[PDB]
Amino acid sequence: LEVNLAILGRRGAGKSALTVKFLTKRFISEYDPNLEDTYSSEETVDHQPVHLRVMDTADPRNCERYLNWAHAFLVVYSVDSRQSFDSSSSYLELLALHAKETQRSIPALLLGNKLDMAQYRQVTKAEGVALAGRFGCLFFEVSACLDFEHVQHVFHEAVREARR
Ligand SMILES: Nc1nc2c(ncn2[C@@H]2O[C@H](COP(=O)(O)OP(=O)(O)O)[C@@H](O)[C@H]2O)c(=O)[nH]1
Ligand SMILES: [Mg+2]
Ligand SMILES: [Mg+2]
């Protein structure tokens, strides 16, 4: 089973850090901000094997490259950046519009990353919940430089959302 996951969000939000942590179980803090690519991994989600494809985007034009490809989305902002949070809402609007225009119904997970920087929070967890509420998507706060298991969970949950 092949599952396409696309990761969207404003530059700086930690899209690649989250991807590399998922893939490698390590935090890599400087990763080419311009590099966009699809990363392949063999996963097991609910005792079921998956060929997972993770598209780590770097933005704007030809959004269909992910809009007509992904089976689920992660939309990422940083909890220490209002700017990032605001940009996250635009990606969710795009997902909504595309679904409306094409009938393509794809689940999304809203991610407030850099939970390790919670002391400099510009966005509350309650506000992330509210934003997810406006788009009917799931919501998680995560970090690329805490443990691996919580990052694995969100990626595997996108898989579960894609299978439902
Ligand atoms: N403190 C902290 N910094 C992070 C985290 N994730 C990414 N970063 C940093 O945020 C910046 C952008 O990360 P990057 O993965 O390039 O984000 P991208 O542009 O969305 O792909 C870099 O300085 C990363 O080191 C995180 O979870 N916690
Ligand atoms: Mg990146
Ligand atoms: Mg490639």
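Residues numbered from 1 in each chain as written, not as in the entry; some residues may be left out. Chains lettered and ligands numbered in written order. Heavy atoms only, no water. Residues with missing side-chain atoms left out of burial classes, pairs and counts.

Asks: Where do I start with the site of ligand 1 in this structure?
Replies: Taken together, 18 residues form the shell around ligand 1, and within it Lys 15, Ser 29, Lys 114, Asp 116 and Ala 144 come nearest. At 3.5 Å from an oxygen atom of ligand 1 is found a main-chain nitrogen or oxygen belonging to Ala 13. Within the backbone of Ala 17, a nitrogen or oxygen atom sits 2.9 Å from an oxygen atom of ligand 1. Burial of ligand 1 by the protein chains amounts to 81% of its free accessible area of 580 Å². Residues that form the shell around ligand 1 fall into these classes: seven nonpolar, six polar and five charged. (Near = heavy atom within 4 Å. Polar contact = N/O pair within 3.5 Å; in protein donor to acceptor, adjacent residues only side chain to side chain. Areas by Shrake-Rupley, 256 points an atom, 1.4 Å probe, with all protein chains shown as cover. Nonpolar A, V, L, I, M, F, W, Y, C, P; charged D, E, K, R; others polar.)

Asks: Even after reading the chapter, I still don't get the sheet that holds strand β3 (residues 48-56), so can you show me in this structure?
Replies: Each strand in a sheet pairs with its neighbour through backbone hydrogen bonds, running either in the same direction (parallel) or in the opposite one (antiparallel). Spatially, the six strands line up as an open sheet ordered β2-β3-β1-β4-β5-β6, and their pairing is mixed. Among the strands making up the open sheet, the edge pair consists of β2 (37-45) and β6 (138-141). Neighbour-to-neighbour, the strand axes of this sheet turn through a mean angle of 25 degrees, independent of strand direction. Bridging between strand β1 (residues 2-8) and strand β4 (residues 72-78) involves four bridges; their strand directions are parallel. (Pairing = 2+ DSSP bridges. Helix = DSSP H or I, 4+ residues; strand = E, 2+ residues; numbered from the N terminus. Axes fitted to C-alpha atoms, helices over the stretch in contact; angles between N-to-C directions.)

Asks: Explain the packing of helix α3 (residues 82-102) against helix α4 (residues 125-135) here, please?
Replies: Between α3 and α4, the shortest axis-to-axis distance is 10 Å and the interhelical angle comes to 15 degrees. Here α3 is positioned roughly parallel relative to α4, judged by the angle of their axes. As α3 packs across α4, the resulting crossing turns out to be right-handed. Mapping the contact onto sequence places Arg 82, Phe 85, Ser 88, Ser 89, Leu 92 and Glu 93 in α3 and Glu 127, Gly 128, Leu 131 and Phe 135 in α4. Taken together, the residues that form the contact of α3 with α4 break down as four nonpolar, three polar and three charged. (Parallel < 35°, antiparallel > 145°, perpendicular 65-115°, else oblique. Left-handed = near helix turned anticlockwise from the far one by under 90°. Contact = heavy atoms within 4.5 Å.)

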